[PDB]
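K.L.:
Got a structure here, written out as structure tokens. Questions coming.
Number of protein chains: 4
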Amino acid sequence: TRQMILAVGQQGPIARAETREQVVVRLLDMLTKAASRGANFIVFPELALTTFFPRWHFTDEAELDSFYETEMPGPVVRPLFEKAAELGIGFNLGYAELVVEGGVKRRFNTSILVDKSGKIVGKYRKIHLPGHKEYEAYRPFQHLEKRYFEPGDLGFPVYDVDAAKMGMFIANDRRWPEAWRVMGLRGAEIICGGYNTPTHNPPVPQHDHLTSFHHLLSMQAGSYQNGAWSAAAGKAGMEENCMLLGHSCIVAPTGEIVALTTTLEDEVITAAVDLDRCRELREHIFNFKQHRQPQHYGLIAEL
Amino acid sequence: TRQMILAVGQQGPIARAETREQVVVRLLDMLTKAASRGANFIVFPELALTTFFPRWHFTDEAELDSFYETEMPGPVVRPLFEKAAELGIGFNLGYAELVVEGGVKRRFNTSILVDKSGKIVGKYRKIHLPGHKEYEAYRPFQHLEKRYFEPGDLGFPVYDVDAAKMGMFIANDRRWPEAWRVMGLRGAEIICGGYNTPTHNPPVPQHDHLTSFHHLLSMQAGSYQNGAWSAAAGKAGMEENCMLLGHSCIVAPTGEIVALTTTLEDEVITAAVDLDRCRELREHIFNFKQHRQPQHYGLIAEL
Amino acid sequence: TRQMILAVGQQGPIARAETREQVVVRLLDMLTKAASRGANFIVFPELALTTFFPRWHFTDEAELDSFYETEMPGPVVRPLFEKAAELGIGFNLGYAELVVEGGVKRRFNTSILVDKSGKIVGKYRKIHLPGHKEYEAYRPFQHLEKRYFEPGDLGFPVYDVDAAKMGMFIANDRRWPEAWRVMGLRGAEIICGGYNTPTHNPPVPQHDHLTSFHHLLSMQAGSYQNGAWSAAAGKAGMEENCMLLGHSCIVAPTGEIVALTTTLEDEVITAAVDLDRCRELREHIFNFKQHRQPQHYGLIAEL
Amino acid sequence: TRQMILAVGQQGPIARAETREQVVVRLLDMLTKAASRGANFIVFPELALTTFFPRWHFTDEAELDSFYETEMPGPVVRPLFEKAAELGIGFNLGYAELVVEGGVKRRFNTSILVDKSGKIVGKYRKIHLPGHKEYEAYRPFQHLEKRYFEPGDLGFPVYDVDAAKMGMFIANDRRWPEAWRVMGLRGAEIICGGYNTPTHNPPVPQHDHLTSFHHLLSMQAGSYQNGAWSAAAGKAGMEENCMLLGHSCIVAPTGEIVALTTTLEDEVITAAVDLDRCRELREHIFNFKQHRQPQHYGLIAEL
Ligand SMILES: NC(=O)N[C@H](Cc1ccccc1)C(=O)O
Ligand SMILES: NC(=O)N[C@H](Cc1ccccc1)C(=O)O
Ligand SMILES: NC(=O)N[C@H](Cc1ccccc1)C(=O)O
Ligand SMILES: NC(=O)N[C@H](Cc1ccccc1)C(=O)O
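Residue numbers (the deposited numbering), protein chains in the order written: chain B, 1 to 303; chain A, 1 to 303; chain B', 1 to 303; chain A', 1 to 303. A prime marks a further copy of an entry chain.
Okay, here's the thing in structure tokens:
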């Protein structure tokens, strides 16, 4: 039957002074609650271990580095992995990754897939970085992702997580059809990730009231056109004076939203998932092999 | 000159024996009404000169050929072009194209762009052909496009139509992000086309109640993610005992539906279009040059 | 905290020859699955024990009567109540009620609320009967609810079901704001019911493609304007050659759909429910006592 | 004569010191453009002659009074009426009404219907006043409508405007089914009005991202359940540092949105209206006389 129960663990705000230990307690509670409701996997938000630090311009590099993980998992996060293995529930965790390679301090906006045995099965590094690189005074709050992270270097992989083929996306990635399609072409049955999406956009404020719409539209369209179940976990609420979007969701291969959060705090939602459901699209209206004419899509891949 | 009024001329059913002369009378009426309401361009349906013949299994090539145009325009369709020039309103007309090359017949599901001077300024040939190849006895109506048409050989071009950069899609094409993206990368400000979409799908009837949803979801996502205005003109209603989807629409570059038809007969809808609105997406959240990482999209173009 | 887990048990078709015993097996499976996922209450469809008989014109009264329950519960349905008490999960069951009073054979389209102790806490009889009274040859299938049922005589009550105030609606009732408002004025925190909604409407077929839209619009609007959680359980799929609408759902007091079914078969969905959530609407934007001016609504109650 | 073209003239912000003469220039422009595109009636916003003054806590009655109209029309607004008669296009204008009766001041949030001859044919006074009564220090902006306006005393009338039966609602009124229903029971074919809806709500900010949703949900449900065309004209944009909702719209009696504004400035949208379309709902699924059971709706009218 190839069935499972997918869950999404939305997070309420994470204060700048909130410790990773405190955040892990909140993550543990949601993972535990999810498991008790039958979930075999739970998706957590992007950069789920800290406040969304890209909203500030840092002058002290040591301060910036404090928001990154140099180990995964480290002693502080270890408990989450142990509980995942115990209860047999995998998860997708987003965090800031700092790794020194060949004399370079590399920083990535990262996410990992952990199976029901508590083992890291795959990693993904955010490829589409939104925002800017330099401080901009006209903004009530910054979004320096291009300053704090370099574009991911692992491409868009699809991993075998227990019985499912899963692909990861991180926040802004969900808005790019290329990210979805590459993973769709790689057979992803589930495409999931998290996000920190302020409901106010300094550059184009006239789209503020469409924040929920644009988020859900991207999730629904991606799922439908690739015949993939999808899930998006947001960190929402008023975090350090910046309102973040909620509406975390789980979407069927038809693009139908099957589960949606309604609060702006830590919230768990679940939905029954039949991996064979993807066939309704992938063996018919979106039977890639039978319908696609790649000879005409060259421009999409031009450098 | 960055302002204009776009119109969609949805068609009601076209009977198997309804003549092109009769159909041209209907098209003339809609183009004339669109112009009277300020429109400078009107989008018509896919295969807008005949009934949707791909629903039948033909056994006589002469009968099949009767539904194709050997010239564009011929004496029968010429009046539409003359009226377009007269009133200063261009149009997108879909039709079945039959070409004879050195004794070889080429068949395409085609659409053309005509400017406000009544001159053909661009052509497109359906690349994504839906349906099946052989007669399937269980179906109340067939969908043999793969047998009656060859996949388009013009790619997804974008043409200058008066003061706008316009790209064309034909029916099923609207569900493929690759089609939208290629035209998006080519700077299309308006992406338009028509469609004949039965509200019943024999192989996957469990999606029948989602026909409107999938159609609108595709139009909205495509527009939003490419920062393009879009329009889709359907031929709707009970045509030869098969119910076709209505909900013809005009969409803003934000993915917002600005105009929608509510009947299943010939119906004109219009909407004010500012070509500079595209910038809200294309110079920011979807600033292609600044955010895309094409080195990771290669799989999309692999044959 | 006043929290609970609400569930909806959508039904696939029920054949005319399917026995109540067989249907009870299907109901038991969904109630059991719901309970295992934490649900404390599950909503079942309207007339959930038989095929939707109003689609046929009966000449034999004995045949018609066979579709009605003269006992509730009877030996056949007893198991459902016993399992509800055992697992501590209440339910809303719809069925055809036949009762002889004062020499009259009374027929109602009925629904009951059963608490987690397996006890019937309240009854409701469908007040808004759609359809017609006499056979109509132009219809591919009838909808003789006005012939087979008399309008409910219990008004729109709200009952205490365990820790929640619950109101019942039956199918067509969900489209009437009066039904929702009366129960809203009676403090309902949850408003639930089921439905058999063909996706084809003989009288006004031009609305067929809007069947899902009209259903969800009614559920969403009712919940929002009354600050009530709501749930609708449909019996969907191809039942005796008539396609019935799916999209069973659970909706928050804000009108946000939090759970939705995607198949057309027996399907269980659940959602976490916080009864205090109603306050976000009922103590503010929809604070009835502070905002309503009943002196101007008289016409709504005029006979 | 059952056909017409309805228009909505959405307004951008109106500054505190912006004069009525300047505002009339803006209204004239929209009414003129609507007429040039075929409209015979244009709906304008609630309190369309001034900034939304209820956002402030007034301490000087003379200052408060300055935002009200003592006559309608006065010399300043007269030009709009003359142009309406000239071009043959009626309108719905919202404004603050100040009436002096035997030394007693009466204050109302009012709207009037003017026909294509420039004659006032109907008035309505906002019955559902949102917000609070006293100054609340924590709010970035107040909403003291309950202090500056008395609930309307004209009920929810329906007037003959040229060839259409039209009913009026004002802002918050659109969220109350009782308002729509009374006009529905009175045969309204078009129910219209305007609004000033901040995208931020101080007491319940957790619904901020749902502002568009709740607005459109109310318009769609109201239209559908009363089989009425509807239109809502908002005054949108950043007005005096408070962001107001846009998404002005025209809706079919099916609840389908046929036209929607996408900017936050003065914007005209139009849509073809067939008054007989109402029959699709009112002579069938919502045939009031045949389906309603008012003897059970009594609680709705109880004082
Ligand atoms: N975390 C993250 O990527 N957030 C962005 C929000 C954003 C949009 C546009 C410009 C800047 C920032 C998102 O795409 O959801
Ligand atoms: N004309 C056209 O392309 N019609 C198809 C409908 C379709 C879908 C799937 C299978 C067969 C046919 C469309 O994509 O709108
Ligand atoms: N069971 C039930 O009430 N079904 C009706 C479907 C219907 C609509 C209109 C006319 C006739 C029948 C419903 O309102 O969902
Ligand atoms: N002008 C107007 O009525 N505005 C209100 C917005 C509102 C809601 C709730 C509380 C306060 C204010 C509206 O209902 O659209």
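Built from N, CA and C at the ideal position, the CB exists for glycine as well.
Can you pull out the residues from the stretch 182-215 of chain B' whose beta carbon lies closer than 9 angstroms to at least one beta carbon of chain A?
P.N.:
Of all residues in the stretch 182-215 of chain B', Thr199, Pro205, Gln206, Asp208, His209, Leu210, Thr211, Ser212, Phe213 have a Cβ within less than 9 angstroms of some Cβ in chain A.
K.L.:
Since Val23 of chain B' contacts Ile269 of chain B' with CB under 8 angstroms, what's their CB separation in whole angstroms?
P.N.:
In the third sequence, counting from the first residue as 1, residue 23 of chain B' sits at position 23. In the third sequence, counting from the first residue as 1, residue 269 of chain B' sits at position 269. Rounded, the Cβ-Cβ distance is 20 angstroms, inconsistent with contact.
K.L.:
When the distance is taken between beta carbons, is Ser212 of chain A closer than 8 angstroms to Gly222 of chain A?
P.N.:
As a position in the second sequence, residue 222 of chain A is number 222, starting the count at 1. As a position in the second sequence, residue 212 of chain A is number 212, starting the count at 1. Not closer than 8 angstroms, so no.
K.L.:
Taking any heavy atom of ligand 2 as the mark, which residues have a C-beta closer than 5 angstroms to it, listed down the chain?
P.N.:
Taking each Cβ in turn, the ones that pass are B:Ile285, A:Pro130, A:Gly131, A:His143, A:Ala171, A:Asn172, A:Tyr195, A:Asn196, A:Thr197.
K.L.:
For ligand 4, I want to know if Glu302 of chain A counts as a neighbour, meaning its beta carbon is within less than 7 angstroms of at least one of the ligand's heavy atoms.
P.N.:
On the second sequence, position 302 is the one that residue 302 of chain A refers to. No, ligand 4 has no heavy atom inside 7 angstroms of this Cβ.
K.L.:
Report the CB separation of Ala188 of chain B' from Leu6 of chain B' in whole angstroms; it is logged as a contact under 8 angstroms.
P.N.:
Counted from its first residue, the third sequence places residue 188 of chain B' at position 188. Counted from its first residue, the third sequence places residue 6 of chain B' at position 6. That pair is no contact at about 13 angstroms.
K.L.:
Using a C-beta cutoff of 8 angstroms, does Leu245 of chain B' count as contacting chain A?
P.N.:
Start at 1 with the first residue of the third sequence, and residue 245 of chain B' comes out as number 245. Closer than 8 angstroms to some Cβ of chain A, the Cβ of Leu245 of chain B' qualifies, so yes.
K.L.:
Between the Cα of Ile89 of chain B and the Cα atoms of B:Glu97, B:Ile14, B:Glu256, B:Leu80, which residue gives the shortest distance?
P.N.:
As a working note, residue 89 of chain B is residue 89 in the first sequence. Checked all of B:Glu97, B:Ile14, B:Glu256, B:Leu80; the closest Cα to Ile89 of chain B is B:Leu80.
K.L.:
Please confirm if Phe169 of chain A has its CB atom under 8 angstroms from at least one CB of chain B.
P.N.:
As a position in the second sequence, residue 169 of chain A is number 169, starting the count at 1. No, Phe169 of chain A does not count as interfacial toward chain B.
K.L.:
Going along the chain, which residues of its own chain have a beta-carbon closer than 6 angstroms to the beta-carbon of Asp115 of chain A, five neighbours each way excluded?
P.N.:
Taking the first residue of the second sequence as position 1, residue 115 of chain A is located at position 115. Same-chain partners within the cutoff: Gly90, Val121, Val161, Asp162.
K.L.:
Using CA coordinates, which residue listed in B':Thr261, B':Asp173, B':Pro157, B':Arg174 is at the minimum distance from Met166 of chain B'?
P.N.:
Residue 166 of chain B' sits at position 166 when you count from the first residue of the third sequence. Residue B':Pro157 is the option with its Cα nearest to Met166 of chain B'.
K.L.:
Report the neighbours of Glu256 of chain A on chain A': residues whose CB is nearer than 8 angstroms to its CB, in chain order.
P.N.:
Numbered from its first residue, the second sequence carries residue 256 of chain A at position 256. Result: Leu260, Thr262.
K.L.:
Would you list the residues sitting across from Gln11 of chain B in a DSSP beta bridge?
P.N.:
For the purposes of this step, residue 11 of chain B is taken as the residue at position 11 of the first sequence. Partner(s): B:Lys235.
K.L.:
Could you give the distance in angstroms between the alpha-carbon of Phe44 of chain A' and the alpha-carbon of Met238 of chain A'?
P.N.:
Your numbering for residue 44 of chain A' matches position 44 in the fourth sequence. Your numbering for residue 238 of chain A' matches position 238 in the fourth sequence. Distance between the alpha carbons of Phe44 of chain A' and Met238 of chain A': 18 angstroms.
K.L.:
Taking 7 angstroms as the cut-off, is the C-beta of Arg174 of chain B nearer than that to any heavy atom in ligand 4?
P.N.:
The residue you call residue 174 of chain B lines up with position 174 of the first sequence. No; taking the cut-off as 7 angstroms, the Cβ of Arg174 of chain B has no heavy atom of ligand 4 nearer than that.
K.L.:
What's the call for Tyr159 of chain A', buried or exposed, on a 16-neighbour Cβ count within 10 Å?
P.N.:
Working through the fourth sequence from its first residue, we reach residue 159 of chain A' at position 159. Buried, because 16 or more other Cβ atoms sit within 10 Å of the Cβ of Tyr159 of chain A'.
K.L.:
Note down the Cα distance separating residue 330 of chain B from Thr262 of chain B', rounded to an integer number of angstroms.
P.N.:
Beyond the ends of chain B as shown, which are 1 and 303, falls residue 330 of chain B; an answer cannot be given.
K.L.:
If you measure from the beta carbon of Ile42 of chain B to each beta carbon in chain A, is any gap under 8 angstroms?
P.N.:
The residue given as residue 42 of chain B occupies position 42 in the first sequence. Chain A contact via Cβ: absent.
K.L.:
Does the separation of the CB atoms of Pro203 of chain B' and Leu244 of chain B' fall below 8 angstroms?
P.N.:
Working through the third sequence from its first residue, we reach residue 203 of chain B' at position 203. Working through the third sequence from its first residue, we reach residue 244 of chain B' at position 244. No. Outside cutoff.
K.L.:
Cβ closer than 8 angstroms: which chain B' residues qualify as neighbours of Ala252 of chain B?
P.N.:
As a position in the first sequence, residue 252 of chain B is number 252, starting the count at 1. Simply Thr262.
K.L.:
Give the secondary structure of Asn201 of chain B' by DSSP, where H, G and I count as helix, E and B as strand, and everything else as coil.
P.N.:
Taking the first residue of the third sequence as position 1, residue 201 of chain B' is located at position 201. In the structure shown, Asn201 of chain B' sits in coil (DSSP, three-state: anything other than H, G, I, E or B).
K.L.:
Less than 8 angstroms between C-beta atoms, sequence neighbours within five positions excluded: which residues of the same chain meet that for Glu280 of chain B'?
P.N.:
By 1-based counting over the third sequence, the position of residue 280 of chain B' is 280. Same-chain partners within the cutoff: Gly227, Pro253, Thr254.
K.L.:
What I want to know is whether the C-beta of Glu46 of chain A' ends up closer than 7 angstroms to one or more non-hydrogen atoms of ligand 4.
P.N.:
Within the fourth sequence, residue 46 of chain A' is the residue found at index 46, counting from 1. Within the cutoff, so yes.
K.L.:
For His57 of chain B', which of B':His132, B':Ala85, B':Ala96, B':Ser117 has the nearest alpha-carbon?
P.N.:
Along the third sequence, one-based indexing puts residue 57 of chain B' at 57. Residue B':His132 is the option with its Cα nearest to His57 of chain B'.
K.L.:
DSSP on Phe286 of chain B', reduced to helix/strand/coil?
P.N.:
Here residue 286 of chain B' is taken as the residue at index 286 of the third sequence, counted from 1. Here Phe286 of chain B' sits in coil by DSSP.
K.L.:
Compare the Cα-Cα distances from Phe108 of chain A to each of A:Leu129, A:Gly102, A:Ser117, A:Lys119 and report the closest residue.
P.N.:
Looking up residue 108 of chain A in the second sequence gives position 108. It is A:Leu129 whose Cα lies nearest to the Cα of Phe108 of chain A.
K.L.:
Helix, strand or coil: which one does DSSP assign to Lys165 of chain B'?
P.N.:
Counting from 1 along the third sequence, the entry for residue 165 of chain B' is found at position 165. Strand, per DSSP.
K.L.:
Quick one: grab the DSSP three-state call for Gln142 of chain A'.
P.N.:
Along the fourth sequence, read from residue 1 onward, the residue named residue 142 of chain A' stands at position 142. Looking at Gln142 of chain A' - three-state DSSP - the assignment turns out to be coil, as it is neither helix nor strand.
K.L.:
Which residues, in order along the stretch 15-39 of chain A, keep a beta-carbon less than 8 angstroms from a beta-carbon of chain A'?
P.N.:
The residues in question are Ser36, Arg37, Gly38.
K.L.:
Would DSSP call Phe91 of chain A' helix, strand or coil?
P.N.:
The count along the fourth sequence starts at 1 and reaches residue 91 of chain A' at position 91. Strand.
K.L.:
If you run the structure through DSSP and keep just helix, strand and coil, what is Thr32 of chain B?
P.N.:
Position 32 of the first sequence holds residue 32 of chain B. Here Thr32 of chain B sits in helix by DSSP.
K.L.:
Runs of 3 residues minimum, wholly inside the stretch 94-153 of chain A': which ones carry the beta strand (DSSP E) assignment?
P.N.:
You should have 104-114, 120-125.
K.L.:
For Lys105 of chain B, is the classification buried or exposed, using 16 other Cβ atoms within 10 angstroms of its Cβ as the cut-off for buried?
P.N.:
Here residue 105 of chain B is taken as the residue at index 105 of the first sequence, counted from 1. Exposed: under 16 other Cβ atoms inside 10 Å.
K.L.:
Taking 8 angstroms as the threshold, find out whether the stretch 14-34 of chain B comes into contact with the stretch 70-85 of chain B through three or more Cβ pairs.
P.N.:
Yes, they touch.
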